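Quick setup: one chain, the form deposited in one PDB entry, written in structure tokens, and binding and motion questions come after.
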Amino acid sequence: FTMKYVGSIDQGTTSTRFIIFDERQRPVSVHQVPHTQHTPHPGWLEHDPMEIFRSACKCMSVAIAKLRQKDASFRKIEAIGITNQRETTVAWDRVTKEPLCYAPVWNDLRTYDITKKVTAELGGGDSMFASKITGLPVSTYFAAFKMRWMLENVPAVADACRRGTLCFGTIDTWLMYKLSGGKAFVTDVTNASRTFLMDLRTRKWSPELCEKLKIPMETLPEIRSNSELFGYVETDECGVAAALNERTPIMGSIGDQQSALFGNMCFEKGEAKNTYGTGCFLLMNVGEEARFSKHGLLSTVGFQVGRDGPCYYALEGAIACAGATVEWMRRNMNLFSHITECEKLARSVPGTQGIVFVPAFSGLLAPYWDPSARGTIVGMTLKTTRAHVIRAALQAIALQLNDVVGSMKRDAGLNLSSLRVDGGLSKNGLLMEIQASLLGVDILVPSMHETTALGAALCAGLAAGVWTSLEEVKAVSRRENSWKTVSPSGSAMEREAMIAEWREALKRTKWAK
């Protein structure tokens, strides 16, 4: 008949974007809007929920209008998916339809005290005590402790709970709620596994944990899968219902990192993806039976297509300062001026010439979690230059990623075929080359990199019949979107030495608790 279009709302930490994809999985229109990073106290971070909602409406409004110019024919989007910064938690009132306060963000640290209380009083000192249930350890990261914090610290959230009018939700839940004009109150499986309130295997709330954590189960959305009807766009903000033309269904919702796992087509077990952002997130499909880590890695839902579809599980590892380390060398240290210079400088020298740079600015994590680890450089000499330091920082990222994959490989009980990679630092050739060398697998860099956004459109398109199967979805990707492989070149000696040098380096990073 004619060209069909699916919409993705990509709700991130620093901004909101809306992207329209056509049926050949190509993004044809985009708009982006930043929202304000509220830091009321040191280590705290909150976002304005209404600002996020509007950013989303505006993005939808402009992308549509721009597409209308490119294709005077376009009329309707078949369905819209949402992908979102996870763990961030919105508190709101069922009837005023308004937020009770600003949403604490996933990396916010206000809940540190509640976090000690939980592991001591509830876990007897074991921070992993609920890990066979949720997949997670206790930390400031997860939704639940944000909910507790709002209950304990914000009068409005208190009354509203008493009155039986309190809604909690992650950003997918808030968005779907406000988009539908208060009609939908749902969350998908990937997002709900980041709350600390969901049994990972059954995919249902945990009465046990909501009791002990004292979150009143009536405050929580219905859980669903990543691909099925959530509701429709009813709303009029920024004139969106009118910008869409027919009633538009919402048919995809999925956490950003899992979305990137899905948009990179990591459909079978052992298939993995790393997103280099600020920021590194690595996820591996472990298959249909959930696996639990003996190394501190997270167990989480990878994705579930359909009310009745199979739930695939993931192991997840993170690095905090990846693209942040490059920004730091640039903006904080004046080691170079324009992002271009980073790779050029690191390839200017043959190697790091005895130095290690451990950029644990925010602590360690991964499979060696250490909060007191700090940014460290060792081994310098009067021959050491900034180009060694830059290459060192790039090596450290890849070596942390190596320890993570190495942990995953043992926890899942399987191997890594290859690593799909997206985000900023994957535009860095030297980074990818060192990474392949260490891992010893091929690394695939996608030309169309809007992968996180795509995963959401995939979920919504599959539900809406735009695509019929994972099979079709892959075949379209294979046809439409070229790739670039980076293979290992590491001569097996160089690799193993570099790891033991890095081993030693890690011993010198403990700084201050």
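When you see a residue number, it is the position in the sequence shown, counting from 1. Basically, rigid core = biggest C-alpha set you can superpose within 1.5 Å across the two forms.
Read off the CA B-factors in the entry, average them over 157 to 165 and over 296 to 304, and name the higher stretch.
It is 157 to 165.
Return whichever of 393 to 401 and 411 to 419 has the greater mean Cα B factor according to the PDB record.
Comparing 393 to 401 with 411 to 419, the higher mean C-alpha B-factor belongs to 411 to 419.
Quick one: which of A322, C238, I254, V358 has the biggest Cα B-factor according to the entry?
Highest C-alpha B-factor among the listed residues goes to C238.
Between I171, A373, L430, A243, where does the Cα B-factor run highest in the record?
Reading the PDB entry, the winner on C-alpha B-factor is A243.
Based on the entry's values, in what third of the chain does the Cα temperature factor of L454 lie: lowest, middle or highest?
Bottom third by C-alpha B-factor.
Sorting by Cα B-factor within the chain, modelled residues only, which third would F142 end up in: lowest, middle or highest?
It falls in the bottom third of the chain.
Which third of the chain does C59 land in by C-alpha B-factor: lowest, middle or highest?
CA B-factor rank for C59: lowest third.
Taking the entry's C-alpha B-factors for this chain, is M493 in the lowest, middle or highest third?
As the PDB entry reports it, the C-alpha B-factor of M493 lands in the highest third of its chain.
By the record's CA B-factor, is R75 among the lowest, middle or highest third of residues in the chain?
Top third by C-alpha B-factor.
Keep in mind that the form deposited in another entry is not shown, yet the notes after this line are about it.
Among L414, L229, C238, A387, whose C-alpha is off by 2 Å or more between the shown form and the other one on a rigid-core fit?
By this measure, the answer is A387.
Core superposition between the shown form and the other one, C-alpha change of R307 at least 2 Å:
No, the C-alpha moves less than 2 Å.
Tell me whether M333 is among the residues that move between the shown form and the other one (Cα shift of 2 angstroms or more, core superposed).
Yes, shifts by 2 Å or more.
Look at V378 and decide if its Cα position differs by 2 Å or more between the shown form and the other one after superposing on the rigid core.
Superposed on the core, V378 moves its C-alpha 2 Å or more between the shown form and the other one.
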